[PDB]
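K.L.:
So here's target-v4.cif (mmCIF, C-alpha atoms and all ligand atoms).
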```
data_model
loop_
_atom_site.label_atom_id
_atom_site.label_comp_id
_atom_site.auth_asym_id
_atom_site.auth_seq_id
_atom_site.Cartn_x
_atom_site.Cartn_y
_atom_site.Cartn_z
CA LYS A 307 111.74 103.58 119.61
CA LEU A 308 110.14 102.86 116.25
CA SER A 309 111.41 104.46 113.11
CA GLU A 310 109.41 107.44 111.83
CA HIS A 311 107.90 105.51 108.83
CA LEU A 312 107.40 102.56 111.24
CA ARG A 313 105.39 104.77 113.59
CA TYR A 314 103.08 105.51 110.61
CA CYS A 315 102.92 101.78 109.88
CA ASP A 316 101.96 101.12 113.54
CA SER A 317 99.22 103.69 113.13
CA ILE A 318 97.91 101.87 110.02
CA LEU A 319 97.97 98.64 112.06
CA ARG A 320 96.00 100.27 114.91
CA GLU A 321 93.39 101.38 112.38
CA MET A 322 93.14 97.90 110.87
CA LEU A 323 92.51 96.47 114.36
CA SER A 324 90.01 99.19 115.31
CA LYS A 325 86.24 98.95 115.60
CA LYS A 326 85.77 101.02 112.43
CA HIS A 327 86.85 98.08 110.27
CA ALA A 328 85.65 95.19 112.42
CA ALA A 329 82.86 94.02 110.02
CA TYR A 330 85.47 92.81 107.50
CA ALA A 331 88.71 92.75 109.49
CA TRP A 332 87.75 90.28 112.23
CA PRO A 333 88.86 87.08 110.47
CA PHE A 334 92.37 88.57 110.38
CA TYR A 335 92.59 89.37 114.09
CA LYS A 336 94.27 86.05 115.06
CA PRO A 337 96.04 83.18 113.32
CA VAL A 338 93.81 80.88 111.30
CA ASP A 339 92.89 78.02 113.63
CA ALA A 340 92.85 75.30 111.00
CA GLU A 341 91.49 72.58 113.24
CA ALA A 342 88.75 74.74 114.79
CA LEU A 343 87.56 75.68 111.27
CA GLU A 344 87.98 72.13 109.94
CA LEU A 345 90.51 73.27 107.31
CA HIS A 346 92.61 70.16 107.55
CA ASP A 347 94.74 71.11 104.53
CA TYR A 348 95.38 74.74 105.56
CA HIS A 349 99.00 74.27 106.72
CA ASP A 350 99.80 72.18 103.60
CA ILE A 351 98.68 75.03 101.29
CA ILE A 352 99.70 78.01 103.50
CA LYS A 353 103.32 77.47 104.58
CA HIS A 354 103.78 80.92 106.18
CA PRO A 355 100.78 81.92 108.23
CA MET A 356 100.22 85.61 108.92
CA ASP A 357 97.56 87.74 110.63
CA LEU A 358 97.21 91.15 112.28
CA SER A 359 98.12 89.91 115.78
CA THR A 360 101.40 88.58 114.44
CA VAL A 361 102.11 91.91 112.70
CA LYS A 362 101.40 93.55 116.07
CA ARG A 363 103.72 91.15 117.95
CA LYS A 364 106.49 91.85 115.45
CA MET A 365 105.96 95.63 115.52
CA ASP A 366 105.88 95.68 119.30
CA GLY A 367 109.03 93.59 119.28
CA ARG A 368 110.74 96.02 116.91
CA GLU A 369 111.27 93.23 114.39
CA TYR A 370 110.57 95.22 111.20
CA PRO A 371 113.66 96.94 109.84
CA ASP A 372 111.59 99.22 107.63
CA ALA A 373 108.12 99.97 106.26
CA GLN A 374 108.72 97.48 103.42
CA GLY A 375 109.12 94.64 105.89
CA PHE A 376 105.84 95.59 107.56
CA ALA A 377 104.03 95.84 104.23
CA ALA A 378 105.38 92.44 103.13
CA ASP A 379 103.76 90.77 106.16
CA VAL A 380 100.45 92.59 105.71
CA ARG A 381 100.40 91.55 102.05
CA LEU A 382 101.36 87.99 103.02
CA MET A 383 98.27 87.87 105.22
CA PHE A 384 96.04 88.92 102.32
CA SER A 385 97.84 86.70 99.82
CA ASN A 386 97.42 83.65 102.07
CA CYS A 387 93.68 84.26 102.10
CA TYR A 388 93.53 84.61 98.32
CA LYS A 389 95.78 81.56 97.83
CA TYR A 390 93.77 79.24 100.07
CA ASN A 391 90.24 80.27 99.15
CA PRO A 392 88.16 80.08 95.99
CA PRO A 393 87.74 83.65 94.74
CA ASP A 394 83.99 83.63 95.44
CA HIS A 395 84.47 82.80 99.14
CA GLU A 396 83.07 85.46 101.48
CA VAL A 397 86.39 85.75 103.32
CA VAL A 398 88.04 86.86 100.06
CA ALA A 399 85.66 89.82 99.83
CA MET A 400 86.50 90.70 103.45
CA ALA A 401 90.26 90.47 102.78
CA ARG A 402 89.81 92.72 99.78
CA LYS A 403 87.90 95.34 101.75
CA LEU A 404 90.61 95.38 104.38
CA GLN A 405 93.29 95.51 101.71
CA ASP A 406 91.63 98.53 100.13
CA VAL A 407 92.05 100.29 103.50
CA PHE A 408 95.63 99.13 103.89
CA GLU A 409 96.86 100.00 100.39
CA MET A 410 95.22 103.43 100.55
CA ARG A 411 96.68 104.32 103.92
CA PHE A 412 100.11 102.88 103.08
CA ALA A 413 100.20 104.77 99.75
CA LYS A 414 99.33 108.06 101.51
CA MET A 415 102.32 107.69 103.86
CA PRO A 416 104.30 110.88 103.05
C1 LIG B 501 88.03 82.95 112.07
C2 LIG B 501 88.17 82.80 110.55
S1 LIG B 501 89.69 82.93 109.79
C3 LIG B 501 89.04 82.68 108.20
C4 LIG B 501 87.62 82.49 108.28
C5 LIG B 501 87.14 82.56 109.62
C6 LIG B 501 85.67 82.34 110.06
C7 LIG B 501 86.81 82.29 107.11
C8 LIG B 501 85.60 83.04 106.99
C9 LIG B 501 85.44 84.27 107.62
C10 LIG B 501 84.26 84.99 107.57
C11 LIG B 501 83.22 84.48 106.83
CL1 LIG B 501 81.69 85.35 106.74
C12 LIG B 501 83.34 83.25 106.19
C13 LIG B 501 84.53 82.58 106.25
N1 LIG B 501 87.19 81.56 106.06
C14 LIG B 501 88.39 80.69 106.15
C15 LIG B 501 88.40 79.67 105.03
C16 LIG B 501 87.16 78.83 105.02
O1 LIG B 501 86.92 78.03 104.13
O2 LIG B 501 86.45 78.80 106.14
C17 LIG B 501 85.13 78.17 106.22
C18 LIG B 501 85.29 76.67 106.41
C19 LIG B 501 84.19 78.52 105.09
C20 LIG B 501 84.53 78.77 107.51
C21 LIG B 501 89.60 81.64 106.15
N2 LIG B 501 90.54 81.73 105.21
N3 LIG B 501 91.34 82.69 105.53
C22 LIG B 501 90.92 83.20 106.68
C23 LIG B 501 91.55 84.33 107.41
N4 LIG B 501 89.81 82.57 107.08
#
```
Could you render the structure as structure tokens?
Ligand SMILES: Cc1sc2c(c1C)C(c1ccc(Cl)cc1)=N[C@@H](CC(=O)OC(C)(C)C)c1[nH]nc(C)[n+]1-2

P.N.:
Amino acid sequence: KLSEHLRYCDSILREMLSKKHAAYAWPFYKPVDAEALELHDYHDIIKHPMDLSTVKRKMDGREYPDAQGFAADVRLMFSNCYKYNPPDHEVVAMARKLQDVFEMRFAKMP
């Protein structure tokens, strides 16, 4: 069983993976495939990869002790994108749109 706040977190995750947000969320659905995208320095710059599928694996595996642990991974995913990319990159705008969803839903958690 998931914690009560973790159930809410799992619900936020389900929304982030859902068709509603797919126009901006899709780059975050799986780990960055550095070689497929020809980002040959990605793993040098980003030492701790994170993406929504990994958050799902961890949630399903009951790895998060609390909502804070969940949020730290979601924010890591966004932060990796901001860290790697020039701020004017299209993927940064997509990350930001998804983060707006995340931060709003997470903040509204009673
Ligand atoms: C599957 C994935 S994962 C991803 C991207 C894609 C495509 C995109 C991207 C996504 C959508 C649009 Cl319209 C454009 C780019 N950008 C790269 C970084 C980059 O420099 O890639 C290009 C070499 C420019 C492709 C990046 N950084 N962090 C992430 C999560 N991504």

K.L.:
Counting only C-alpha atoms and all ligand atoms, name the residues that have an atom within 8 Å of an atom of ligand LIG 501 (chain B); the answer should be given as a ChimeraX atom specification.

P.N.:
/A:330,332-334,336-339,343-345,357,383,386-388,390-391,395-398,400-401

K.L.:
Nearest to residue 314 in chain A: which of A:378, A:372, A:392, A:346 is it, counting all atoms listed in the file?

P.N.:
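Closest residue, counting all atoms listed in the file: A:372.
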
K.L.:
Point out the residue among A:341, A:394, A:310, A:409 with the least atom-to-atom distance to residue 380 in chain A, counting all atoms listed in the file.

P.N.:
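For residue 380 in chain A, the nearest of the candidates is A:409.
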
K.L.:
Kindly indicate which residue among A:384, A:348, A:335, A:412 lies nearest to residue 362 in chain A, using all atoms listed in the file for the distances.

P.N.:
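Selected residue with least distance to residue 362 in chain A: A:335.
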
K.L.:
Would you mind telling me which residue in A:415, A:327, A:355, A:321 lies nearest to residue 340 in chain A when using all atoms listed in the file?

P.N.:
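Of A:415, A:327, A:355, A:321, the one nearest residue 340 in chain A is A:355, counting all atoms listed in the file.
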
K.L.:
CA of residue 371 in chain A and CA of residue 313 in chain A, how far apart in Å?

P.N.:
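Straight-line distance from CA of residue 313 in chain A to CA of residue 371 in chain A works out to 12.0 Å.
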
K.L.:
Any idea what the distance is between CA of residue 318 in chain A and CA of residue 408 in chain A?

P.N.:
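Going from CA of residue 318 in chain A over to CA of residue 408 in chain A, I get 7.1 Å.
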
K.L.:
Rank nothing, just name the residue among A:353, A:360, A:389, A:407 nearest to residue 376 in chain A, using all atoms listed in the file.

P.N.:
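Distance minimum relative to residue 376 in chain A lands on A:360.
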
K.L.:
Mind pulling up the distance from CA of residue 381 in chain A to CA of residue 311 in chain A?

P.N.:
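Rounded to one decimal, the two atoms are 17.2 Å apart.
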
K.L.:
So which one's closest to residue 385 in chain A, A:331, A:373, A:352, A:413? Using only C-alpha atoms, please.

P.N.:
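Closest residue, counting only C-alpha atoms: A:352.
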